[PDB]
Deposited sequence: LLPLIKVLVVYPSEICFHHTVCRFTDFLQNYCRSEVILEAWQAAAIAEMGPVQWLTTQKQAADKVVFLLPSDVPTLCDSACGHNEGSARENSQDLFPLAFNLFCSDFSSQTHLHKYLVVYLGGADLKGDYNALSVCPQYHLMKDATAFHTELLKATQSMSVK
C-alpha cells in the first residue's frame, strides 16, 4: 500500500462556513498529503447509501476522522454516531478536532473535548505530524 492516509472531514453545513471547508480541504490535500473523504464530493454515494450508512462506511474506511469547527446537516449526525468511539482504545486518537475560521454553531458537542485538539493555523505543524504518524 501507499503511505497515503484517508481523512473523513465532518463539517457544519452552514453557508457562511463553506469557504473555510474549501480552505481546509486544500490544506489537507496539498500541505498534509491526505486523501479526503468529503460529503460535497460524494453526493451520489450519500443518496444511494443514505447519510447514516455513508457515515458509518466512511468512518471505517478512514484512517482519521476530523470534526471541523469554527473559531448542521451531517455534522450532528456524525457526532451522534461516532461520539462513543472518541476514547476507544482500539483506534487510538482516530478522531481529531480542528478549529478554523468563523461561524455560529447552534448545537452542543461537549464530548469533542475528549479528542486531540488543533487550532489552525497555529497548530498546522502539530496537526500535519499527527496525520503523518498514521503512515507508520
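(Q) Need the unmodelled segments of the deposited chain, numbered from 1, in order. (A) Counting from residue 1, the stretches without coordinates are 72 to 92, 158 to 162.
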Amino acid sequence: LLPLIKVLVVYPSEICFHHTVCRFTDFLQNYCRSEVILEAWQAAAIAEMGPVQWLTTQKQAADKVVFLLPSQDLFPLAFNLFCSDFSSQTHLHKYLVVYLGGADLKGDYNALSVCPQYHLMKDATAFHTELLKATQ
From here on, numbers count along this sequence of modelled residues.
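Q: Report the stretch with the higher mean CA temperature factor, choosing between 86 to 94 and 40 to 48 on the basis of the entry.
A: Comparing 86 to 94 with 40 to 48, the higher average CA B-factor belongs to 86 to 94.
Q. Taking only the CA atoms, which stretch has the higher mean B-factor in the record, 2 to 10 or 127 to 135?
A. If you average the C-alpha B-factors of 2 to 10 and of 127 to 135, the larger mean comes out for 127 to 135.
Q. Going by the deposited entry, which of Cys32, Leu68, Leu77, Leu105 has the highest CA temperature factor?
A. Answer for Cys32, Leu68, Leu77, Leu105: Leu105, with the highest C-alpha B-factor.
Q | Highest-ranked of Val21, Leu112, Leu120, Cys16 once sorted by CA temperature factor in the record | A | Of the candidates given, the C-alpha B-factor peaks at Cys16.
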